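J.: structure of the sequence below:
(3 chains)
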Amino acid sequence: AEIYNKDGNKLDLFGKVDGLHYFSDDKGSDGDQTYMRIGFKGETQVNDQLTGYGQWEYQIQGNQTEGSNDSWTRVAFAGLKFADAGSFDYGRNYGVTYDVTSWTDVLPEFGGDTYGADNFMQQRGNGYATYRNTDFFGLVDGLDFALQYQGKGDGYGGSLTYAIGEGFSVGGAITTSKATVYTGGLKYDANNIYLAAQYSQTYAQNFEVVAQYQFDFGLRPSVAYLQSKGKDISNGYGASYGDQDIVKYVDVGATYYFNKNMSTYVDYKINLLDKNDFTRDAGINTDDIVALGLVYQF
Amino acid sequence: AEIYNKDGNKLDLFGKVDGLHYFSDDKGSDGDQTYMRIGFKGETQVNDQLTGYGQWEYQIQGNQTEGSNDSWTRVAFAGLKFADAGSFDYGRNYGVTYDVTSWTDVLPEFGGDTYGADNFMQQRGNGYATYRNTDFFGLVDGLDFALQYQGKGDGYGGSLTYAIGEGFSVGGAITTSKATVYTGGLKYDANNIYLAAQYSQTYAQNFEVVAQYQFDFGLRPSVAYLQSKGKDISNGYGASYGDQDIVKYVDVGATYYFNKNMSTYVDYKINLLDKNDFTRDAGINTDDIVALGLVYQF
Amino acid sequence: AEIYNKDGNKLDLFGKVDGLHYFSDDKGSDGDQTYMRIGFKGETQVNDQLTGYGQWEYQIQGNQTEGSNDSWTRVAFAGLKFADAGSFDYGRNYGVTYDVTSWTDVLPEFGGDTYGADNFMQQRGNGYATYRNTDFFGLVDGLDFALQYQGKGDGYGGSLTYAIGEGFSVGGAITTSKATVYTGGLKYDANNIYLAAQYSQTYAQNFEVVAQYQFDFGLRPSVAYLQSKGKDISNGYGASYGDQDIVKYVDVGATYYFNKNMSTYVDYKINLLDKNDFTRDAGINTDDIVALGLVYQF
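T.: Numbering: from 1, shown residues only, chains lettered A, B, ... in the order given. Below is the structure:
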């Protein structure tokens, strides 16, 4: 919801109350988790050439009872934007590994999650300097790329998207922090068909694919699969764990789209993982789980 | 302040900074409680028939100091409205007992309080799935009902309102969670003349009644009274306390009304409870306490 | 961004994402500190005479990791406004000392800092009942006075600011909670030149001086300094810490405003404190540091 436009300065104030109640035999997941979101994108044209933007967004829960306050800044960054030189912006932002990893997180509820926020660059984090450049300096249309730097431990990364034509995105991203990661994804986008898959290796090799159709009265079914395997492991100081599977599941989900402002969705995580000494001490869940929600957004 | 309305999606954002310096002999109350609430109501017409909504207004303190943070989500939900088919909304929402109980929470400062928030659905809560139906299916003018449902522990209730005509309002509900508390009460609202009473017993009984008149220049005086009395009693694990009053007091008060957007108001709790083996440990305030401040809103 | 004006009720929503990267040899300093702030000014015209305003603005960190939350209400007060009798505003407000003390705090990033927040009335805090009078009952131009009163511990204070024609401003102020504190400052304000020096003494003496010049192509380059020397202090229940310096350093800085919504800045704090018995047992910093951020506001 754009709340202000005047003399080349525009502020969309966006956000939503998403209602949703997880079902499970798991008890760290059964319950109400209606959270909600606020955040604004800001903008200011300085000269025909640049723009000084700014962008924030925080989450805050609703399931937490009174007195208690489960809050946190999702993204919060300021930058600048020059004519066909692209843009730099430093703040709490997305790791530039997300650029490709993104295409697979699209599920109604249970997406990404083979990478985490503050998980050494693959997702969000703090202190990120970010130069991404769009339509390769105005000479190559449909080719984008970003070269990124991190705040503390110290890190770096790069990403290149490419819309090869049609809707076939192709994408790569490399990153390192002091632990590196590659990142390859290919998305199809066109005629209501969304087919995107992505995988990589780390310092430990994970995959994810997802396929949706967009029904016309407004309903986006989704079959999606993702996994992650590894190598040797270490409980804090010691404990030698062999090579097992981290998180692997098939997923059917459907979102219904009333209009922009209001969606409604059921999603069925069909879990695979087997209950063992791994998935006890680490406390990785093994139960297939299912969630319904009524989101209102603005 | 409805900040945006266009293409049948509105979004009133509302709030207030309400300053009040309590006064007391007690040190738990005596001091600055300058607090504030932001939030928004959001709408979206989907059809001739339905509109989706969503609403969130969470609290913050101006009394806590710098670094330390006292906030919590008062409400957060999203639901649908079908025309004459009532309205569903699940989430951090009000309780069904409150429908009826509310008519008594009209004091300048200290009203209701025979129930806290999260106090088993008599007020706010979490997981509160709800369907309310106004004007009874659009066949009876002014007889409205609710049947609600809670998250966990488990539960349910349901209210029936009726503006008998003129300015009267008879009111009733029951509720239950796994503790079952009922509700009876009346209100009268015609000629700046506000009269209202409510009470029920639980599983153990409490009552509240109030009277107000709205002055033409803008001064709504309120004398009001409420009390609670109890049966068998247990201090966490154990105890034998007998039957005593958990809270009973008479109230003078008078809100002044510059306009809608601004208010001043003096309220004087005239407590009756005597200092005893009850009000020492369980820590019930046994002091009469008097509040002074300025509510600015938008 | 004034977001509302209708029937003489205004509402100016502001905020800003100022992503800075602190450099130092410290480990509590060097790193990322993207903070951000929201805040609303409030307005409602009641008569020709009064217009009952209200303000608010809490902070929120963007460096704090996910799940964690670093917030605090900076100001949140409600007040009325009588034209030629002044303005009363009770709430989480600035202390009556800051009227003067302020003129020195204009440095790009670090400044003031001699007084803390909640630092016994010298700046921000809670419970402030405030009556300031502008243009002195409308009969003396170039003058303002204030006599404030705190909540709890108890206290009072006064202030007298006078822009003495041209661009010279004389500032005097006093506060006395039950330890006192005077305050004396001088600002010069005209042709692209700021010159502001101030000091005081508490129950313990401090001083701050700054001179910034406002360029024509944008860029206010700054030079500034401040020092605070005390008497006998004691660690909680003991320790005789002779006579030393809390903090003394010369500062250099430079904001570069692109326009009124975007700024870039560097701030080179040159610190002069030697590390000894004091700085080690009290967490006082011995290092000189560099600050580099990118404010965006609205």
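
J.: please name the residues that touch residue A:215.
T.: By C-beta atoms under 8 Å, 6 or more residues apart in numbering or on different chains, residue A:215 lies in contact with A:192, A:221. In this view, the C-beta of every residue, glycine as well, is placed from N, C-alpha and C.

J.: any idea what it is bridged to?
T.: residue A:219 (DSSP bridges).

J.: relative to chain C, how far out is it?
T.: Note on residue A:215: its distance to chain C, by C-beta to the nearest C-beta, to the nearest Å, is 35 Å.

J.: grab the nearest non-local neighbour of the residue of the stretch 151-298 of chain A found nearest chain C.
T.: In the stretch 151-298 of chain A, no residue comes nearer to chain C than residue A:151, which is 3.9 Å away by C-beta to the nearest C-beta. Spatial nearest neighbour of residue A:151, chain neighbours left out: residue A:127 (1.7 Å); criterion: C-beta to C-beta, 6 or more residues apart in numbering or on different chains.

J.: near that neighbour, how many other residues are there?
T.: For residue A:127, the neighbour count with other C-beta atoms under 10 Å in any protein chain shown is 22.

J.: packing partners of the helix or strand hosting it?
T.: Residue A:127 is part of strand A:124-133, with elements assigned from DSSP states H and E. Contacts defined by 3 or more C-beta pairs under 8 Å, 6 or more residues apart in numbering or on different chains; DSSP states H and E place strand A:124-133 against strand A:71-82, strand A:86-94, strand A:143-149, strand C:31-42.

J.: just the angle between the last one and strand A:86-94, please?
T.: Put simply, strand C:31-42 runs at 90 degrees to strand A:86-94, going by axes from the mean of the first three to the mean of the last three C-alpha atoms, to 10 degrees.

J.: swap in the third one?
T.: The directions of strand A:143-149 and strand A:86-94 differ by 60 degrees, with the same axes, to 10 degrees as the criterion.

J.: if we can go back for a sec, redo the helices and strands packed on strand A:124-133 as CSV? Include mean neighbour count.
T.: Formatted as CSV, these follow (neighbours: other C-beta atoms under 10 Å in any protein chain shown):
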stretch, mean neighbour count
strand A:71-82, 22
strand A:86-94, 23
strand A:143-149, 19
strand C:31-42, 21
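
J.: in CSV, list these along with distance to chain B.
T.: Supplementary listing: those in CSV, determined by distance: least, C-beta to the nearest C-beta, whole Å:
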stretch, distance to chain B
strand A:71-82, 7
strand A:86-94, 18
strand A:143-149, 30
strand C:31-42, 5
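
J.: need those strands in TSV with distance to residue C:224, can you?
T.: Formatted as TSV, those follow (distance: least, C-beta to C-beta, whole Å):
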stretch	distance to residue C:224
strand A:71-82	24
strand A:86-94	25
strand A:143-149	31
strand C:31-42	20
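
J.: wait, which of the ones you listed is closest to residue A:277?
T.: Minimum separation from residue A:277 across the helices and strands packed on strand A:124-133 (C-beta to C-beta) falls at strand A:71-82, 31.9 Å.

J.: how about the closest residue to chain B within chain A, what does it touch?
T.: Residue nearest to chain B within chain A: residue A:296 (2.8 Å; C-beta to the nearest C-beta). Shown in contact with residue A:296 (C-beta under 8 Å, 6+ apart): A:16, A:17, A:18, A:19, A:261, A:262, B:42, B:44, B:52, B:53, B:54, B:78.

J.: same check on residue A:15?
T.: Counting by C-beta under 8 Å, 6+ apart, residue A:15 has contacts A:36, A:37, A:38, A:39, A:57, A:297, A:298.

J.: okay, and it sits in which element?
T.: With DSSP H and E as the test, residue A:15 turns up in strand A:9-23.

J.: starting at the chain centroid, how far to that strand?
T.: Per C-alpha atoms, centre = their mean, to the nearest Å, the displacement of strand A:9-23 from the mean C-alpha position of its chain is 15 Å.

J.: pull up the pairing partners for it, direction included.
T.: strand A:2-6 (antiparallel), strand A:31-32 (antiparallel), strand A:35-42 (antiparallel), strand A:289-297 (antiparallel).

J.: need those strands in JSON lines with distance to residue B:276, can you?
T.: Formatted as JSON lines, these follow (distance: least, C-beta to C-beta, whole Å):
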{"stretch": "strand A:2-6", "distance to residue B:276": "55"}
{"stretch": "strand A:31-32", "distance to residue B:276": "39"}
{"stretch": "strand A:35-42", "distance to residue B:276": "44"}
{"stretch": "strand A:289-297", "distance to residue B:276": "49"}
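
J.: on that earlier part again, between the contacts of residue A:296, which sits nearest chain C?
T.: residue B:42 (15.6 Å).

J.: check contacts around that closest one.
T.: By C-beta under 8 Å, 6+ apart, the contact list for residue B:42 reads A:17, A:261, A:296, A:298, B:9, B:10, B:11, B:12, B:53, B:54, B:55.

J.: let's see it at 6 Å
T.: Contacts for residue B:42 (C-beta atoms under 6 Å, 6 or more residues apart in numbering or on different chains) come out as A:296, A:298, B:11, B:54.

J.: identify the farthest-apart pair in the residues you listed.
T.: Longest span within the contacts of residue B:42, C-beta to C-beta: A:296 and B:11, 10.2 Å.

J.: make TSV out of the contacts of residue A:15 and add distance to residue B:105.
T.: TSV is the format used below for the contacts of residue A:15 (distance: C-beta to C-beta, whole Å):
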residue	distance to residue B:105
A:36	25
A:37	30
A:38	28
A:39	33
A:57	34
A:297	31
A:298	29
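
J.: about what we covered before: now do the residue of chain A closest to chain B against residue A:1, distance only.
T.: 12 Å (C-beta to C-beta, to the nearest Å).

J.: residue numbers of the stretch 151-298 of chain A in contact with chain B?
T.: Counting by C-beta under 6 Å from any C-beta of the partner chain, the residues of the stretch 151-298 of chain A close to chain B are A:258, A:259, A:261, A:262, A:294, A:296, A:298.

J.: just name the closest of the residues you listed to residue A:92, please.
T.: The nearest one, if we look at those relative to residue A:92 and count by C-beta to C-beta, is residue A:298, at 22.6 Å.

J.: backbone dihedrals for residue A:123, please?
T.: phi -120, psi -150 (degrees, to the nearest 10).

J.: and it, what does it touch?
T.: A:95, A:98, A:115, A:116, A:117.

J.: could you list which of those belong to helices?
T.: Cross-referencing these against helices under DSSP state H gives residue A:98.

J.: report the buried members of the contacts of residue A:123.
T.: A:95, A:98, A:115, A:117 (16 or more other C-beta atoms under 10 Å in any protein chain shown).

J.: residue contacts, the second one?
T.: Think residue A:98. Taking C-beta under 6 Å, 6+ apart, one finds residue A:123 in contact with residue A:98.

J.: how near is it to residue A:25?
T.: Using C-beta to C-beta, residue A:98 is found at 32 Å from residue A:25.

J.: residue A:278 and residue A:243 touch, don't they?
T.: No: Residue A:278 is beyond contact range of residue A:243, at 10.5 Å (criterion: C-beta atoms under 6 Å).

J.: comparing the two, which residue is more hemmed in?
T.: Set residue A:278 next to residue A:243 and count neighbours by other C-beta under 10 Å: residue A:278 wins out with 19 against 10.

J.: neighbours of the residue nearest to that one when sequence neighbours are not counted, how many?
T.: Once flanking residues are discounted, residue A:278 sits nearest to residue A:244: 5.3 Å by C-beta to C-beta, 6+ apart. As a burial measure, residue A:244 scores 16 neighbours (other C-beta under 10 Å).

J.: that's all I had, so thanks and see you.
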